[PDB]
Structures are given as structure tokens and as C-alpha cells.
């Protein structure tokens, strides 16, 4: 299925994710573009600057145990994005019937920006509400995602110890 690989190098470990470029071409192209600094975004990146890799220094600001981990907001608040919205991409072969799925966070139809999430369980109520565009490959990466999901959080589901995406390798 996969047409490319992404590794989120976090301060709590690496997460190798297979990207579904043939099922969600625009979403994957958007994620890869931001990751590498190739996409033209109009806000600031997670390092506060105008250009380069968009997600470096980004946190997972929303972690809910046995549900998912969500990040990719340059402000780390949950209200931010790269300065644009774009369409969802639902594919009949992609649904939330396994854990460890990379998908886009959103505020309802057509609101994808930069925020994404990784599930830690089956979440069928998210079917046809969130674009799936990836899946974590190896068992070790699944463990990092698991450990991140179990981290201590405040009353808003924000981790007390910041989980930081230090950079992202594409390959």
C-alpha cells in the first residue's frame, strides 16, 4: 500500500510511519511538503520562523490514553495550522479498524491543515470524518506511540512533560 516512509524523531523515540500516497495523494503530499519545508505555508513554523521544515519543534499537545496522540500545530495550542484549509480524502479501503493509524485532525469537513494524530486503538466513530493517510510500520515505533499515549497529562489532555517532534525524515 505504502509509497513513502516518514520517521518522526521525537524526544521520546522514533515513529516510522508508512504513508499511503496512492490513497490520499494530496494529504500525503501536504504532510511531506510541510515536513521538508517544500510547501508554501503562510503562518510560522513550530520554531517561530518563516521557512524551512514546518514540524521541527512541534509538540503532541493532546494525548488521551487508549484513544490517540495529536500534534502538528505550530503554536502547540490546538487552534493553529499552516495558514490554509484543504479537502478530506476518504478511501473505501481505509478505515479505523486497527490501532496505529496516522490521520488528520480537523474542525469538521474541509478543514485539514497541519495537525495530525496517531490512534492507539480501534476508533470506528472517526470513519469518514478524518483522512487516514498512514500507518506505523514496525513494532518498536508502535511502542513509542504507546508510551507517549500513557504519559501524564493535565486536565486539558496536554502532556506535563512536552513530547517534541525534533525533526522528520522522509524516505
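Numbering follows the first chain given and starts at 1.
When all modelled residues of the chain are sorted by CA temperature factor, residue 26 is found within the middle third.
Among all modelled residues in its chain, residue 51 ranks in the middle third by Cα B-factor. Per the PDB record, residue ranking by Cα B-factor puts residue 129 in the middle third of the chain. Residue-level temperature factors show residue 42 in the middle third of its chain, judged at the C-alpha atom.
Compared with the other modelled residues of the chain, the Cα B-factor recorded for residue 89 ranks in the middle third.
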